[PDB]
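The data below hold one chain only, encoded as structure tokens and taken in the form deposited in one PDB entry.
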């Protein structure tokens, strides 16, 4: 019945002056009573916010006195409690059926990257009502989906100027323009116009040939109209989405021996093995980051020709993402089933518990410390980097270990009374995950884009 607590937080807009100091003393209080104390008219005056509490870097799932009986520590000690916004669980909402596997998902929102990029210029500046969801299929077809899950627009087919084979990745670079890439080695830039009645049109603006190999990954900059790609040739591409400024194509990569065909500006091969992911730096748009099966994450300078830094990891890397200090922190999805959090400057921690390859990542739109990943094991998992344990002995190495906060399964499989997930990824494989405020859309082998939100 007497225990000292002290409140600290990393949360940007929730902070206590002066009141951090003082004693909570039923001593049997679950996280609930504490979340109530913070919400108090006296403390944060917010009053409903669910708060989770981290001691030592671990969540408190019991009462206080139980925690400090079972560990040790019924020392009258002052437990230092980090408090964080408790995750609002992304439960299942909708599913958009496809004919073949869903390789890629992107979300056009008012606050999504293409959405903020839009309102600058050219600019639809998409209204809070109508959000659009892009899906790329092994069909060879892009589909612009309604928020309510109907198909507004469908890409042309092969003939008529569309993709000649499966599409590996696609994204919104603005509300007018969107970009795709695939097994046909092209990178295609599309105009998307929409009518009064809800129906779309996707007209190819540009066919871009630099690559010999599948173009596996694509990232976009809507401000500078730049695209960059990662391909199985072990090479990272850099392109202008604008027809205006482009070089002329290689012509020995073209369908020989209407729509405009242009080449890359600054196509480089920096990798021994296929290049799985390439992304822009959030702060600086002339700096890019590469990841390949050659185990390397490379800091790359797009202004000059090539690589300013190389960082090598234990296992081949299938994916990369940046988390916003003046500069990012990378999540690297591995074929080794875990995610390594990498600091590119001259291996902080490791997220564990995926059962298969980790092929897609995306940061929370809400806070810096949260991340969602997606994986060939049929699930997308939500991590909080503020949740960290000193590494376990087996396979643990340096203490990095962080387990998932929430687990998102396929409603394809989950709706069945079945017990354990299918071996490998069979039928459930998750190829793409994007996390927006609508939130957590998941493409994959089950031919469905899946919507999870609270």
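Only residues modelled in both forms are compared. Under this definition, the rigid core comprises the largest set of C-alpha atoms superposing within 1.5 Å between the forms. Residue numbers count along the first chain shown, from 1.
Another form exists, deposited in another entry; not displayed. Remarks below refer to it.
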Exercise. Core aligned, does the CA of residue 143 move at least 2 Å between this form and the one not shown?
Worked result: no
Exercise. Fitting the rigid core first, would the Cα of residue 426 be found 2 Å or more away between this form and the one not shown?
Worked result: no
Problem set entry | Pairwise C-alpha change, residue 19 versus residue 384, in that other deposited form against this form - closer or farther, 3 angstroms or more | farther
For this session: Give me the stretches of at least three consecutive residues whose Cα atoms move by 2 Å or more between this form and the one not shown once the core is superposed.
Result: 1-53, 60-85, 395-397
